[PDB]
Structures are given as C-alpha cells and as structure tokens.
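Listed below, chain by chain, are the residues.
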Amino acid sequence: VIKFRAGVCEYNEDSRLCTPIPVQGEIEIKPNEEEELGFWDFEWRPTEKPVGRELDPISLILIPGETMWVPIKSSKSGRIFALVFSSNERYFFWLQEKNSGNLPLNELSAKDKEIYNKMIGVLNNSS
Amino acid sequence: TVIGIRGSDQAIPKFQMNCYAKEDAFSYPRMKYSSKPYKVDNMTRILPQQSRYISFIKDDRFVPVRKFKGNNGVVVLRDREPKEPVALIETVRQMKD
C-alpha cells in the first residue's frame, strides 16, 4: 500500500494538538484494509517503539471524496498527519519521522516534501 | 539463556539472581555450593547445574511461583510487580515481534 511516516496521534477533533502523543510507528493511508474500497484505512504499525500506544482502530477509516489534506493548516509546531474531514472527524497521525526539515509551502509542518504530496495524493488519489 | 522475562508479557527485566556456584560460567573458552550470591546469573554460560546453585532475589518486582524452577533456558522470572521499576528490557523480538 502507499505508506507514510507517522504514528496515529490523538485525532483531535478540535483543540489543536500534537502534544507528544506516542504512537511511534508508520501510519499508512491505504485503500481501506482490503486494498479495494475507496475507504482509506490508515495502516499503522511500528517497527518502532510507540510507548505502547496505537490510537488507531488497527488502521484508521476514512470517508472518501470529501477528504482534503489540510497541510497542518491551523498550524501547531511540527508535523502531524492533519486529515481534516469535517473539521470534526479530523484525524491526526503523530509526527514520528521528521525528515528534510520542517519545510514551508507544503505542509507548513516538520515532515512534508515527501509526505505532503504523498498525503495530498493518497487522500486525493484515485487509488 | 538466563534472562528476566516475565510471568507476563516481557519487559525482559534482567537480573543476576546470585546464589553461588563454583564458577563454571567462569570455566569456559578463551580465544561448589556456598549459597553465597553468585557473581553473575544473566544469560551466557550458566549450566543446568550452575543454574541450580543459584536462586532468585525476591526483592525484584517479579518472582517465580516455582521457586527457581532450575532451568536456565526456560528463564521466565514470573512477573509480580509491573509498570514500575525493574525497568524494561527488549529484544530483536521486541524490535520485530
């Protein structure tokens, strides 16, 4: 599946966060769990130490077609996966891999250049 | 192997339970019972016997129900006091597994 670098943070429906929130692993936005449905179940798993945490339902369901990648718009600190669906359902995936530095004009977040258009696409991709 | 393990999912808290054997973990390649603390009980050489001149400390968090079952390989200090000190230890398992 298309794979991504983050844990599964506190989804943080509101009250912008990424307080430390372990769940250190790789959450992977992927075509549900069957690799078929437009649903993206966000595949989380360490080969890592996530301080014994998941905060993910074995992977995180996504309602397709209204999913936009909010860059980390409503900016707080470094990266999270900021999946803002209804601005309620918002699913945040805790930044673990921070690479190529925090970069502007992609996510405005700690890990973007790769993962931004990865997260951009995977939410906006046809598959 | 002598490795702390747990009577639970394993924090691998390791300790050298220290009851003395005449030391054959010290009898081993380069390249009896004094009931005194044995030097070092954690993995390596041991012996099924040099196992069995050693006994646990009760004072750690974890204690076996079997009163030093006597078998190095089988390890498993049974887990009496988790989420605490006796720290944490891991393995390639814990890495991948």
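Residues numbered from 1 in each chain as written, not as in the entry; some residues may be left out. Chains lettered and ligands numbered in written order. Part of a larger assembly, values for the part shown. Heavy atoms only, no water.

Looking at the method and resolution fields of the entry, one finds cryo-EM and 4.8 Å.

Engineer: Just checking my understanding: could you explain the sheet that holds strand β3 (residues 59-60) of chain A for this structure?
Structural biologist: The strands that make up a sheet pair up through hydrogen bonds in the backbone, lying either parallel or antiparallel. The antiparallel open sheet is built from three strands, whose spatial order is β1-β2-β3 (chain A). Strands at the two margins of the open sheet, each flanked by one partner only, are β1 (26-30) and β3 of chain A. (Pairing = 2+ DSSP bridges. Helix = DSSP H or I, 4+ residues; strand = E, 2+ residues; numbered from the N terminus.)

Engineer: Got a minute to help me understand the packing of aromatic side chains in this structure?
Structural biologist: The description of two aromatic rings rests on the distance between their centres and on the angle between their planes. Following the criterion strictly, the structure yields 10 aromatic pairs over all chains and no others. Here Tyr20 of chain B and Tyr38 of chain B contribute two aromatic rings whose centre-to-centre distance is 5.7 Å and whose plane-to-plane angle is 35 degrees, an arrangement assigned as tilted. Residue classification places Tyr20 of chain B among the partly exposed positions, given a relative accessible area of 21%. Look at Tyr38 of chain B and you get buried, because its relative accessible area is 1%. Taken together through their ring pairs, the aromatic side chains of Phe4, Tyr11, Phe42, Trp69, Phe81, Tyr91 and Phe93 of chain A make up a single cluster. Positioned above the aromatic ring of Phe92 of chain A, the side-chain terminus of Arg16 of chain A is 4.3 Å from the ring centre. (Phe/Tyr/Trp six-rings, centres within 6.5 Å; stacked < 30°, edge-to-face > 60°. Buried < 20%, exposed > 50% of the residue type's maximum accessible area, 1.4 Å probe, protein only. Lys NZ or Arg CZ within 6 Å of the ring centre and 35° of its normal.)

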